[PDB]
Amino acid sequence: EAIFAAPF
Amino acid sequence: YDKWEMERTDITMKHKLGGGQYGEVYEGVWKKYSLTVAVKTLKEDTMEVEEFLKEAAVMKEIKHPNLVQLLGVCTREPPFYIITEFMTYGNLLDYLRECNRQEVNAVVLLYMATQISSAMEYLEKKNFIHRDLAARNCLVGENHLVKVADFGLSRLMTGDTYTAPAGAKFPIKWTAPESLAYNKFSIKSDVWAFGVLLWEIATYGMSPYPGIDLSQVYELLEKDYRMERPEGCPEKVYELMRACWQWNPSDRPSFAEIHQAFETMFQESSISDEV
Ligand SMILES: *NC(=O)CSP(=O)(O)OP(=O)(O)OP(=O)(O)OC[C@H]1O[C@@H](n2cnc3c(N)ncnc32)[C@H](O)[C@@H]1O
């Protein structure tokens, strides 16, 4: 899916 | 000395539930009572000892019917253990997805929202914040009983702001604007996540902003885009959902107001029902 990430 | 301290020997591990970027969790047995419990573990894993021990210290200070209850700890010598009550139906996200919608009807969804707001209101007073308010972190017990996972609580005088390290990851689709742009958090950031949680509930576990790539979420929020009212979702609930996504923190209601709102809808919904 894709849930966690570092802000852009 | 500490009344929460339990010798490692009192618990036996039964089955592993799921791993975690913060420590695998197990289903275990507290022999003395023949009680099924949940065991939170951590090896030279993800978290670092001191942080883990502080979470444990914080968990000993909370008590609310809608917050998973701490039962004991093993913090003296490795491996470290955090023991909590066991929620038989797992997390809310998976529950909503595989449930019987005739049983998990409209009044049950309102009831569930009321239990969560209740926990958050309380967390707002005792000067706490939940790092990740989302359906995946809500557990379910018998009779539609919902509780918020307590392992994600932190200390923060209600009203103040926290600034996370640089380069850190956040669950994008549940994160408030102030956190995406400046890595800032507050009980108001939790209010924003609550709004998204209300949406997961109204859609029975659908993923937020369907088809919208993580990289495009912030730009959309900026230009004033917001998820549309779900099919079947009562208008009043959608208004709260919308009040929770106000771009400006101090414009979002408090959990004290939100719990009052749901309390009202759940009772007046139990009346027209039994009538
Ligand atoms: N974004 C994130 O939430 C990071 S944590 P994660 O590793 O990505 O996922 P998660 O599995 O949710 O983490 P955790 O170890 O917190 O949960 C593991 C699984 O076990 C079940 N669980 C957790 N506490 C439980 C209690 N008290 N009783 C029964 N089952 C419990 C969760 O449903 C989860 O799948």
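Read top to bottom, the protein sequences are chains C and A.
In terms of the entry's author numbering, the first sequence opens at residue 104 and continues consecutively.
In terms of the entry's author numbering, the second sequence opens at residue 232 and continues consecutively.
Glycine included, every Cβ here is placed at the ideal spot set by N, Cα and C.
Contact with chain C by residue i, beta-carbon distance below 9 Å
i	result
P402/A	yes
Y449/A	yes
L323/A	no
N374/A	no
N368/A	no
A412/A	yes
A380/A	no
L445/A	yes
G398/A	yes
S438/A	yes
Rounded straight-line distance, which links the Cα of residue j to that of residue i
i	j	result
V422/A	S349/A	13 Å
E238/A	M244/A	14 Å
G251/A	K234/A	28 Å
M472/A	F425/A	8 Å
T434/A	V371/A	17 Å
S500/A	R460/A	20 Å
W478/A	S503/A	35 Å
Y469/A	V427/A	11 Å
Nearest-angstrom beta carbon gap, residue j and residue i [assumed within contact, 8 Å]
i	j	result
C369/A	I403/A	Actually they do not touch by this definition, with Cβ atoms about 19 Å apart.
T315/A	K271/A	7 Å
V299/A	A380/A	6 Å
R367/A	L324/A	5 Å
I418/A	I489/A	With 8 Å as the limit, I418/A and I489/A do not qualify as a contact, their Cβ atoms being about 11 Å apart.
Residues that DSSP places opposite residue i in a beta bridge
i	result
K262/A	The partner list for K262/A (beta bridge, DSSP) is empty, contrary to what the question assumes.
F107/C	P402/A
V506/A	DSSP, once it has assigned bridges, lists no residue as partnering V506/A.
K247/A	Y257/A
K271/A	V256/A and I313/A
Report task. Would you list, in sequence order, the uninterrupted beta strand (DSSP E) runs of no fewer than 3 residues that lie entirely inside the region 332-392 of chain A? Result -> 359-361, 369-372, 376-379 and 384-386
Query - Secondary structure, beta strand (DSSP E): runs of 3+ residues fully inside the region 273-324 of chain A - result: 301-305 and 311-316
Requested in this report: Within the region 386-454 of chain A, note down every full alpha helix (DSSP H) run reaching 4 residues or more, in order along the chain.
Outcome: 408-413, 418-433 and 445-453
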